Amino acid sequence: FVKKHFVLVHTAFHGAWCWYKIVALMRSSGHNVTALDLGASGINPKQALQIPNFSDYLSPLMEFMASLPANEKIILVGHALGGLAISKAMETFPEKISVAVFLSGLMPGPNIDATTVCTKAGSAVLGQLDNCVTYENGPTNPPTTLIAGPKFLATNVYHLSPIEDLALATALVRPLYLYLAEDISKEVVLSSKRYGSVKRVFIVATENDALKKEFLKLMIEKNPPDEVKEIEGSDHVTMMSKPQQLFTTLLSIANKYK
């Protein structure tokens, strides 16, 4: 047994709360774990319209990374959209990261920019079922924020999760500011000497969706991780639908990747 320090990063609309089952499992196993709320997420004080710049959204993780003690290194886990966040962290504090885990996360790199990963990622969310957007820059300009609907969550996100988790999420999801893919690419700049220096592990956790898996496969090709693992039977929120398997997998990764 070696005490590890896990740092968990949620995806769009979510917050630190979505990892509650994982956090409980890590803590009861004696490990340290930090689940951050990104800007305007969970109980972060900012509202969507107050953080129009991507850096504002990533602020919480970046500040936490900067306060990490000297010797300490962590297992940085990014979920879906959260991959962009941990990517920025890897580039900024490479020495502080033992291993980075992209749980179905947007994993941009030199051969596949944030514009490609985000355009496709948002592809399966925008204009889906009961989702809806706002227009702060006039109804004539691109949408300002994206709000996830109850139906969308039930049928596309939590479809393989306990019903109470859908209910939990329905009461907690918050709007996502629609950051410009350009703003994003200027914010997330990766180099081989830093980002590329961090051990990287990708976890495929997609179910009954070829196109989506083809997307994940595409990213893996363009920006080859150190390892690819897989979890089966998961919906979009693995920490909700396959908690024990995810925990087991993260523990394994933390143990072998010193």
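So that there is no doubt, residue numbering starts at 1 and follows the sequence shown.
When the C-alpha B-factors of 83 to 91 and 68 to 76 are averaged, 68 to 76 comes out higher. A summary of the deposited B-factors shows that, of 26 to 34 and 190 to 198, the stretch with the larger mean C-alpha value is 190 to 198. By the numbers in the PDB entry, the CA B factor is greatest at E214 among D56, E214, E63, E227. Out of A169, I112, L106, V101, the entry records its largest CA B-factor for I112. When the CA B factors of the chain's modelled residues are split into thirds, the value for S123 lands in the highest one.
Residue-level temperature factors show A210 in the highest third of its chain, judged at the C-alpha atom. When the modelled residues of the chain are ordered by C-alpha B-factor, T145 sits in the lowest third. In the PDB entry, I253 places in the middle third of its chain by CA B-factor. Among the modelled residues of the chain, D183 sits in the highest third by CA temperature factor in this PDB entry.
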